[PDB]
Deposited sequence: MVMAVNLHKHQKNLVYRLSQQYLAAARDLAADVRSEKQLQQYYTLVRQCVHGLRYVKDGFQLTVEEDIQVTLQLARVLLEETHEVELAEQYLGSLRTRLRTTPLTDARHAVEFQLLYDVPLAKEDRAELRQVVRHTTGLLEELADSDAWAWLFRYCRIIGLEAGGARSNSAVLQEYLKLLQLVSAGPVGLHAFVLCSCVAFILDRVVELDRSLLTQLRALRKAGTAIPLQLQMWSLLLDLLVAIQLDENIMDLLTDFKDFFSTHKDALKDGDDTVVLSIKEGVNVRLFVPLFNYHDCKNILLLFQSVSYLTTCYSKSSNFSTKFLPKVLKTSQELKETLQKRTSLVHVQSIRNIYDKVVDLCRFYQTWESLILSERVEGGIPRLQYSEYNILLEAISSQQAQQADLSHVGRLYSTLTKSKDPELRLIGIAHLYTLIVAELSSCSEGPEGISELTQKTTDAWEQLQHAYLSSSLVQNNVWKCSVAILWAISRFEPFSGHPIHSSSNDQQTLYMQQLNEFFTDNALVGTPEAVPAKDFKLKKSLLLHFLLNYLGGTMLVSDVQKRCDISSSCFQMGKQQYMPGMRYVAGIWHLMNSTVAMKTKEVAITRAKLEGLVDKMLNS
């Protein structure tokens, strides 16, 4: 009768242990789920787990330590794998109440953290993350600055604040600097994670990164007990800052070479466990921070950085390596065999799907730089605004373009929540408007309203730009100065804008000269369109000598053969034809005219 006696006596513990087994079996099955039958089986196993936990929770009077363990596991499984967020809240709520009549301080906060972070995340609604901010402030007020839990709830707050980044940018950033100051005494690993999150948030909002934050960022990979996965992230984030500023990344590529060699074989956990105080850990699931995944994404980063030098058979890195990262990422997706939940297995697969879609985006971008159409159509990406951008560019450089459609595309993008996309949209709209004003035929009242549209456009472009990180990007700085000049002088525009006084005039002219002198002979990225527009402006505005003018107009005329820009190559050609005539270079006049003659043929058909 011992069996019957054990059954009834150890029923509670036995069911608690069965539950863990169903969950193990679901974790085993997850990465192999490839069919509807398997999907049903998978969630039949986790259902079996939940009945099990519920059986323990609902049907027995538990000790407080038993109630904590089973309730947090139940809530965690329900929030992650089901739509039962109300049920999860109810169970967490019950524990919150029991925990108030006890001295179990850390447990109480652990439950609060699930209500303030994990639950509003599971609700998939930004508005739910914003009401959180009120409950966290209440908790924070009661706690001292030296308290580990003050740090965590303050991070709950920054997350709640991250929803609605309209002038919220100021608050989130003040909040990170405060948290960074609080945590710089504490655990070095928690400080590293907060730091990385802040530089990531700054990159996401494209606002300037204070020097001191980048110094602190680089100090993370110093010869330190920082978890290796956070040191890597720190290095990746440093690379991204140089790439957003269109800077040279040679040195950072060596730092990667050191890091990958100094720390080889590190085996490699996908989770970082930080001890924030006696009895409580923070766990960071970071399945991209490992040798193979970083070699793969580093290649993509390297590709984007050299993307614009795809015309040259020396730095056309992007052409050789984008098909590689595309292949590697589809392999990593197929061979994924992680023992975790199905939602976590699909989450890792979705990152590889995003890598591949960015790969295809940059491949198309490169193709449109070198030709009129992309062989095979423009691919549909999961990035819908990047689709509109690709639609716009290819439509703009068509043989017979529809500029009213190009305009509508670029306007949609001026309303984008992506601040970088906004800027790109406004910059292009501006060039369209400037071309309207330059070719106007309507008389004094028409010319005047178009003038006013152009100055509105120009101001919208300048405000967007001055409030971004791209102020420290010289490709953008040089091109904002160029776009300024093309609307304001008479060979470039037919109706140039004139202003009082201006001090704007000496600003951008200093700039244009600074860039033109240093890049004729810190020097700019070597994008053909950017040096074409620099040399053509400089050669026209700043050069006195006629033979040097010929050097520059010949250089600009040849540039238009190295990538697709027939319209630019044409206007460089008539410039060169006149320079070659005044210089009385009679052979060169002959061949320029000859080239020009076949040029207009192709353009007109």
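message: Against the full deposited sequence, which stretches does the structure leave out?
response: Missing from the model are residues 224, 268-269, 525-535, 620.
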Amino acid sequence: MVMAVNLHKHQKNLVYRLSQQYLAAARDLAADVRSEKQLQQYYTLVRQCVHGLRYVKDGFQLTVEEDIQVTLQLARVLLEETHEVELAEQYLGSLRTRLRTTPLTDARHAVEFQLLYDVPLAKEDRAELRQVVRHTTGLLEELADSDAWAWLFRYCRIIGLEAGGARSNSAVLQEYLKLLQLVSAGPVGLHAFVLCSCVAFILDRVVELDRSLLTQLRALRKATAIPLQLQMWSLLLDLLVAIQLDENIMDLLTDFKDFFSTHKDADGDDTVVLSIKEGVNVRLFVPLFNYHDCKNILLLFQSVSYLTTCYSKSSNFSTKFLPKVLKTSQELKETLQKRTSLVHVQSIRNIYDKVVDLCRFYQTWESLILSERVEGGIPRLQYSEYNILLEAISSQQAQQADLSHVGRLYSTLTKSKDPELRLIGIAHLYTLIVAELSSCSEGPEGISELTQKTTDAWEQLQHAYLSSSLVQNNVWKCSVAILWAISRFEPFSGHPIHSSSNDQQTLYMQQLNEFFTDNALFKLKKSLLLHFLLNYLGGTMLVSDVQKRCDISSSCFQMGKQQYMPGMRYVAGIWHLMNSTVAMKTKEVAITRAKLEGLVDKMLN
From here on, numbers count along this sequence of modelled residues.
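message: Comparing average C-alpha B factors as deposited, tell me which of 213-221 and 74-82 sits higher.
response: Mean C-alpha B-factor is greater for 213-221.
query: Taking only the CA atoms, which stretch has the higher mean B-factor in the record, 194-202 or 398-406?
result: Of 398-406 and 194-202, the stretch with the higher C-alpha B-factor average is 398-406.
message: Among the choices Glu420, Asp353, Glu112, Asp518, identify the one whose CA B-factor in the record is greatest.
response: Across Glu420, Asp353, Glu112, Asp518, the entry lists the biggest C-alpha B-factor for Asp518.
message: Per the entry's Cα B factor values, which of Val56, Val46, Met578, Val64 stands out as the maximum?
response: Of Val56, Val46, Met578, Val64, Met578 has the highest C-alpha B-factor.
field: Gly268, C-alpha B-factor rank within chain (lowest, middle or highest third)
entry: According to the entry, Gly268 has a C-alpha B-factor in the chain's highest third.
- request: Just say lowest, middle or highest third for the CA B-factor of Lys37 relative to the other modelled residues in its chain.
  value: Ranked within chain, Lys37 CA B lands in the middle tercile.
field: For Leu95, the third of its chain into which the C-alpha B factor falls
entry: Its C-alpha B-factor belongs to the lowest third of this chain's values.
- request: Check where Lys123 lands among this chain's C-alpha B-factors and tell me if it's the lowest, middle or highest third.
  value: Middle third.
query: Lowest, middle or highest third of the chain for the C-alpha temperature factor of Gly52?
result: Lowest third, going by the recorded CA B-factors of the chain.
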